[PDB]
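S.K.:
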Amino acid sequence: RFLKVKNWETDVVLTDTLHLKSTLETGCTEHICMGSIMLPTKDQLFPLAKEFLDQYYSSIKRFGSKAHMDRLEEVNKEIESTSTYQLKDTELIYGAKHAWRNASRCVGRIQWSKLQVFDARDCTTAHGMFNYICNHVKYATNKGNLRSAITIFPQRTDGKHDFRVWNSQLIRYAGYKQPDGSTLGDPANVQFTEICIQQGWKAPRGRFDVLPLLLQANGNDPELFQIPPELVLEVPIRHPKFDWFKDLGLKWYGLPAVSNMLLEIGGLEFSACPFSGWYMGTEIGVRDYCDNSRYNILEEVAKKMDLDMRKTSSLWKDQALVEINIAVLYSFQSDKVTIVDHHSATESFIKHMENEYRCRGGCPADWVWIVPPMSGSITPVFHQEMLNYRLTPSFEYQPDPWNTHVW
Amino acid sequence: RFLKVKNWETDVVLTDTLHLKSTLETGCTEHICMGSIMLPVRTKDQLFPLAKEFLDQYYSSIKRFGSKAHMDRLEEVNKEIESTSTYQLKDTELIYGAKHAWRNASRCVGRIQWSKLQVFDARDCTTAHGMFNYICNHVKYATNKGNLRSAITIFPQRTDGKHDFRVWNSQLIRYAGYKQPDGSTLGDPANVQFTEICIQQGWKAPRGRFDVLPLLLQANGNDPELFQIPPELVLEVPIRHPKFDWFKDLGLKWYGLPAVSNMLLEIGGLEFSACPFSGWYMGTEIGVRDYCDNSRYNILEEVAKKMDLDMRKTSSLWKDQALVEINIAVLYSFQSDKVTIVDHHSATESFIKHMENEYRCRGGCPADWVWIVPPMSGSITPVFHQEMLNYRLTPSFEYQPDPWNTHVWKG
Ligand code: HEM
Ligand code: HEM
Ligand SMILES: Cc1cc(N)nc(CCc2cc(F)cc(CC[C@@H]3CCCN3C)c2)c1
Ligand SMILES: Cc1cc(N)nc(CCc2cc(F)cc(CC[C@@H]3CCCN3C)c2)c1
Ligand SMILES: C[C@H](O)[C@H](O)[C@H]1CNc2nc(N)[nH]c(=O)c2N1
Ligand SMILES: C[C@H](O)[C@H](O)[C@H]1CNc2nc(N)[nH]c(=O)c2N1
Ligand SMILES: [Zn+2]
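Chains A and B are the protein sequences, given in the same order.
Going by the entry's author numbering, the letters in the first sequence line up with residues 299 to 338, 350 to 716, in that order.
Going by the entry's author numbering, the letters in the second sequence line up with residues 299 to 338, 348 to 718, in that order.
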């Protein structure tokens with residue numbers, strides 16, 4: 299019940315006690331492990358509020374103080390009365406930072422305490438949402454010197470007045486299926502791209518078209534907005550050795566900004582809470598470019614490299630993959646846009662884990678997501694045993710809005 | 299109940315009902331997943356239900372469930388247990404058991420081959436010398452001059468846990484490791500403890516970087532004895548690179564036959580503590596793990612040095628570049644010497660086909676994603692995108708503690 303995790307490359311052993319504070323469920327049982335599955350009233354609200362307020366006042370070393378009890382009392386009163394409650398700015402910031410801290414699938418959490426939190430709870434319209442999001446993007450991008458940030462729109466009330474960003478990321482490329490039969494641009498975004506067009510958007514029908522924002526305030530119909538191009542920092546992808554690489558015509562955007570998740574703090578639900586950091590190179594070079602269900606350029610690159618693509622055992626896919634990921638890192642670094650390679654990022658996470666085990670008693674971590682999609686075992690996280698469990702505050706998935714929206 | 303797994307690249311969805319037949323635990327709870335943890348004595352009491360369940364499965368597979376042969380066998384095993392406190396498997400049952408232990412091995416990506424396993428019955432063995440002979444025959448059979456053949460040799464089952472047969476080696480063929488006074492290691496660092504034991508038992512070590520370890524064999528609970536595998540039985544492959552001529556001068560080689568010899572085979576409640584099995588290598592086992600783990604031969608530096616890569620910052624991906632070249636060399640060398648090997652793209656593609664087939668005919672396929680996904684180029688293999696369910700079926704292979712930690716020495 300007091301658990302140990304071992305690193306098999308270093309023999310370092312850490313003792314986990316934090317998991318005992320876990321609340322939600324993992325999807326696993328004693329009979330079956332679901333570790334590789336992608337997606338497994351007034352009464353309930355006050356205990357949730359109490360659990361959060363307790364950990365908050367503990368963190369500021371005022372557990373059991375007058376101010377603690379008073380606040381517990383005040384929130385209790387507000388829930389009995391209004392059937393909900395509002396977070397103090399200090400509580401909102403703490404809650405958001407700890408949602409990141411608790412994100413077991415995130416390798417970048419060593420940065421968790423340096424999150425810029427933008428309070429957008431006074432927002433009432435989609436035009437206001439757009440304004441807040443432009444300011445976010447500009448602050449976060451910072452001329453290529455990226456800074457982590459989250460913008461938090463008003464919390465769910467009766468589930469009919471939800472704030473939602475319909476895009477999965479603030480910045481993403483459009484996808485269109487060709488009459489020919491293939492897919493132009495990003496296949497991942499074919500459905501969403503349709504809903505943009507099938508709602509007003511005029512598509513350039515290109516390969517790297519930055520999608521418009523589809524913003525929904527207070528449960529209303531969502532509205533289209535184009536992010537000012539001058540706020541969208543993109544990087545042309547070239548290679549430090551292969552001069553034909555530039556001719557592939559590839560580029561990617563600098564800002565990874567997830568906008569479709571749900572932030573839970575003290576029982577309150579923030580259905581619109583776009584957050585952003587900076588990329589690990591493999592997210593673009595391995596997944597975005599080389600997934601078969603994405604831009605899928607491996608064969609094209611291997612061809613230009615003149616590799617022997619007759620047999621899989623020549624490892625031509627593997628060679629091309631490395632070169633593509635060299636290009637991505639080289640390109641961002643050259644344009645002075647923040648990026649981290651998978652070696653640096655995983656070494657950072659090992660350091661973070663040790664910090665958390667020492668100062669917090671543990672660090673929930675999902676091995677399946679933490680290990681990079683290339684060169685797994687030559688990164689230290691591959692050899693690191695990890696315990697996965699769910700702490701709150703937390704980021705959670707939520708249904709795509711078009712399936713839920715009472716139109 | 300139904301359970302569905304989705305492949306996120308193909309959108310293919312499979313339905314698992316087989317997990318309902320699961321008995322053993324996973325280590326996970328509703329509150330914590332232990333999926334990345336490496337490693338998460349038996350009386351007459353619990354034995355007959357274990358026996359019965361296995362025999363039910365056996366007779367079902369041969370389309371004889373409930374037959375007179377089935378009921379008689381149950382009867383016979385029952386009376387054998389209550390009078391002798393154990394029982395003996397028929398040859399047919401043993402073969403079925405061994406094949407299904409492999410079939411049920413959720414961490415094994417090579418299971419498309421499970422039904423083609425050569426089972427060698429060594430249950431009549433009584434001495435370490437007898438063990439050595441059986442093991443030599445296994446190695447010769449399995450190696451087949453490079454045309455590798457899967458096989459398992461099964462020594463007598465545990466009785467009171469005080470007369471165990473054990474192969475003290477983790478694998479039948481492995482290179483020695485030597486700790487030097489300056490803190491460095493000569494050979495395979497993984498095998499330093501075992502090497503020191505062999506030396507203590509009287510092995511005259513050559514003290515080179517690739518010395519094949521002697522077999523250390525325990526029969527019937529007796530102290531183990533040293534044996535040298537005839538070198539002519541140990542097939543090795545010099546490693547060279549198809550473009551880089553300097554690669555051969557690194558002086559690398561590896562053995563052709565992967566043969567695990569320290570696991571326990573459970574069949575119908577019976578425990579076979581010595582059951583060496585072998586197949587053929589996936590290239591990455593050697594090229595990624597054996598050669599490039601920091602705690603193993605660790606040749607990334609040397610290789611990258613000779614490739615003249617930018618080694619100052621990690622973001623040059625010099626480690627990733629060297630890793631691919633090493634794995635190309637391993638595959639090239641094995642194929643050139645006509646020794647059976649499979650690359651991780653072929654192996655994972657075959658596993659997906661296997662898994663889909665198993666869902667269709669068996670109702671499921673227990674699989675451990677953490678182990679099934681290869682240690683390089685993960686997401687460009689099809690298993691990366693494949694949801695998997697991990698659960699435990701029997702018959703099974705299990706870990707057991709190393710014998711030198713539990714053995715009562717006779718002298
Ligand atoms: C600052 C640098 C950051 C880096 C390098 C980073 C890296 C990553 C990576 C590689 C993943 C894997 C997800 C995938 O493969 O699609 C991930 C997941 C995740 N990240 Fe981070 N991230 C960063 C910042 C942040 C921030 C600022 C937040 C929130 C405030 C965050 C929250 C999350 C969450 C909630 C997930 C998992 C989502 C899920 O469950 O699917 N990350 N991160
Ligand atoms: C014939 C070709 C085979 C291939 C390519 C293959 C491949 C693999 C690989 C790559 C692993 C991961 C282990 C590691 O990374 O160290 C593995 C695990 C395993 N294999 Fe196979 N294998 C083969 C044959 C067999 C046979 C013949 C048996 C048994 C009769 C077997 C039983 C197992 C078991 C039980 C594990 C899991 C070990 C554990 O739980 O830690 N395999 N295999
Ligand atoms: C802030 C941030 C930094 C970074 N460096 N990277 C990302 C993107 C990674 C990511 C984070 C999430 F919080 C949620 C998701 C969605 C999961 C995706 C959707 C489809 C495939 N995958 C399941 C991705 C975000
Ligand atoms: C038949 C076979 C084929 C193949 N292609 N390959 C192997 C070796 C893979 C393997 C299988 C096992 F049943 C147990 C182990 C030991 C795991 C090691 C020991 C220490 C670190 N690691 C946990 C390896 C065996
Ligand atoms: C901590 C983690 O479970 C451990 O390093 C595992 C990860 N996956 C693996 N997968 C395979 N095939 N072989 C291994 O030795 C390991 N090691
Ligand atoms: C089926 C499997 O869970 C799925 O492919 C996961 C595996 N691990 C991952 N890991 C990360 N970081 N991102 C992903 O999208 C995935 N996909
Ligand atoms: Zn689990």
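Ideal Cβ placement from N, Cα and C applies to all residues, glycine included.
Tell me the rounded alpha-carbon separation between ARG619(B) and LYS626(B).
M.R.: Cα to Cα, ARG619(B) sits roughly 11 Å from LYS626(B).
S.K.: So, helix, strand or coil for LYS397(A), using DSSP?
M.R.: Here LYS397(A) sits in coil by DSSP.
S.K.: Give a yes or no on contact between the stretch 453 to 473 of chain A and the stretch 546 to 558 of chain A, applying the rule of three or more CB pairs nearer than 8 Å.
M.R.: No, because fewer than three Cβ pairs between the stretch 453 to 473 of chain A and the stretch 546 to 558 of chain A fall closer than 8 Å, the two stretches do not touch.
S.K.: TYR604(A) by DSSP, collapsed to three states: which one?
M.R.: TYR604(A) falls in the coil class under three-state DSSP.
S.K.: Could you tell me which residues DSSP pairs with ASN305(B) in its beta bridges?
M.R.: Looking at the DSSP assignment, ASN305(B) forms a beta bridge with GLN693(B).
S.K.: For chain B, is any of its Cβ atoms less than 9 Å away from the one on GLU323(A)?
M.R.: Chain B contact via Cβ: present.
S.K.: Here's a check: name, in chain order, each residue in its chain whose Cβ is nearer than 8 Å to the Cβ of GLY558(A), leaving out the five neighbours to either side.
M.R.: So the list reads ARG516, once near-sequence residues are dropped.
S.K.: For ligand 1, which residues count as neighbours when the test is a C-beta closer than 6 Å to any heavy atom?
M.R.: In chain order, the qualifying residues are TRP409(A), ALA412(A), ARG414(A), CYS415(A), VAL416(A), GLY417(A), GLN420(A), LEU424(A), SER457(A), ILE459(A), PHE584(A), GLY586(A), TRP587(A), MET589(A), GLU592(A), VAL649(A), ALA654(A), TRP678(A) and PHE704(A).
S.K.: Within its chain, find whatever has a CB closer than 6 Å to the CB of residue 720(B); leave out the 5 residues flanking it on each side and keep chain order.
M.R.: Residue coverage of chain B in this structure runs from 299 to 718, which leaves residue 720(B) outside it and unanswerable.
S.K.: For a contact defined as C-beta to C-beta under 8 Å, what are the partners of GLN642(A) on chain B?
M.R.: Within 8 Å Cβ-Cβ: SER622.
S.K.: For a test of the three-state rule: what should DSSP assign to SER703(A), helix, strand or coil?
M.R.: Note: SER703(A) maps to strand in three-state DSSP.
S.K.: Give the DSSP-derived three-state secondary structure of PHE517(A) in the structure shown.
M.R.: It is coil, neither helix nor strand.
S.K.: Can you give me the Cβ contacts of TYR394(A) inside the same chain, cut-off strictly under 7 Å, excluding the 5 residues immediately before and after it?
M.R.: Taken in chain order, the residues that qualify are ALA358, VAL384, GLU387 and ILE388.
S.K.: Please list the partners that residue 720(B) has in chain A, where partner means a Cβ-to-Cβ separation under 8 Å.
M.R.: A question about residue 720(B) goes unanswered here, because the residues of chain B that appear run from 299 up to 718.
S.K.: Thinking C-alpha only, which one of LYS613(A), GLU632(A) and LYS612(A) is nearest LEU616(B)?
M.R.: Nearest option by C-alpha distance: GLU632(A).
S.K.: Could you work out which residue in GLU573(B), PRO708(B) and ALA376(B) is closest to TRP409(B) when comparing CA atoms only?
M.R.: The option with the nearest alpha carbon to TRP409(B) is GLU573(B).
S.K.: Does the pairing of the stretch 595 to 615 of chain A with the stretch 677 to 688 of chain B give three or more beta-carbon distances under 8 Å?
M.R.: With a cut-off of 8 Å, the stretch 677 to 688 of chain B and the stretch 595 to 615 of chain A count as touching, because enough Cβ pairs lie within range.
S.K.: How many angstroms separate the CA atom of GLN508(A) from the CA atom of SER334(A)?
M.R.: Computed Cα separation, rounded: 36 Å.
S.K.: By DSSP, does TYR698(A) sit in helix, in strand, or in coil?
M.R.: Of the three classes helix, strand and coil, the one that applies to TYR698(A) here is coil, per DSSP.
S.K.: Residues of chain A with a CB under 7 Å from the CB of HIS548(B): which are they?
M.R.: In chain order: nothing, as chain A lies at least about 12 Å away.
S.K.: Compute the beta-carbon to beta-carbon distance between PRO702(B) and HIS407(B), rounded to the nearest angstrom, for a pair I have assumed lies under 8 Å.
M.R.: Right, their Cβ atoms sit about 5 Å apart.
S.K.: Provide the residue span of the alpha helix (DSSP H) that contains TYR639(A), from first to last.
M.R.: It spans 625 to 643 - the alpha helix (DSSP H) in which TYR639(A) sits, taken as one unbroken run.
S.K.: For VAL541(B) versus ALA483(B), is the C-beta spacing smaller than 9 Å?
M.R.: Not in contact: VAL541(B) and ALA483(B) (Cβ atoms no closer than 9 Å).
S.K.: Under the assumption that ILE442(B) contacts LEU522(B) (Cβ atoms under 8 Å), give the Cβ distance between them as a whole number of angstroms.
M.R.: 6 Å between Cβ atoms; contact.
S.K.: Determine the DSSP secondary structure at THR327(B), reduced to helix, strand or coil.
M.R.: If DSSP states are grouped into helix, strand and coil, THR327(B) belongs with the strands.
S.K.: Check whether the Cβ of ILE335(B) sits closer than 8 Å to any heavy atom of ligand 5, and report yes or no.
M.R.: Result yes, Cβ under 8 Å from ligand 5.
S.K.: Quick check: the Cα distance between residue 339(A) and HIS445(A), rounded to an integer number of angstroms?
M.R.: Residue 339(A) cannot be located in this model; chain A continues from 338 straight on to 350.
S.K.: Can you determine whether any heavy atom of ligand 2 sits closer than 8 Å to the C-beta of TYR706(B), and answer yes or no?
M.R.: Yes.
S.K.: Between which residues of its own chain and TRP678(A) is the CB-CB distance below 7 Å, once the five residues before and five after are set aside?
M.R.: Once the five neighbours on either side are set aside, the close Cβ partners of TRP678(A) are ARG414.
S.K.: Check whether the stretch 652 to 668 of chain A and the stretch 301 to 316 of chain B touch, using three or more Cβ-Cβ pairs below 8 Å as the test.
M.R.: With a cut-off of 8 Å, the stretch 301 to 316 of chain B and the stretch 652 to 668 of chain A do not count as touching, because too few Cβ pairs lie within range.
S.K.: Is it the case that the CB of residue 347(A) approaches a heavy atom of ligand 5 more closely than 8 Å?
M.R.: Within the gap of chain A, which runs from 338 to 350, lies residue 347(A), and it has no coordinates in the structure.
S.K.: Given a threshold of 16 other Cβ atoms within 10 Å of its Cβ, counted over all protein chains shown, does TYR706(A) qualify as buried or as exposed?
M.R.: Classification of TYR706(A): exposed, given that the 10 Å Cβ count is below 16.
S.K.: Spatial neighbours of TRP421(A) within its chain, please: C-beta separation below 7 Å, excluding the five flanking residues on both sides.
M.R.: Result list for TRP421(A): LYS406, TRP409 and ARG410, in chain order.
S.K.: Distance, Cα to Cα, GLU360(A) vs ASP314(A)?
M.R.: Answer to the nearest angstrom: the Cα atoms are 20 Å apart.
S.K.: When you compare only the Cα positions, how much space is there between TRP676(A) and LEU337(B)?
M.R.: Distance between the alpha carbons of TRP676(A) and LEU337(B): 15 Å.
S.K.: Counting only Cβ-Cβ distances shorter than 7 Å, please list the residues of the stretch 593 to 604 of chain B near chain A, keeping chain order.
M.R.: Here the close residues are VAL595, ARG596, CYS599, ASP600, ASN601 and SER602.
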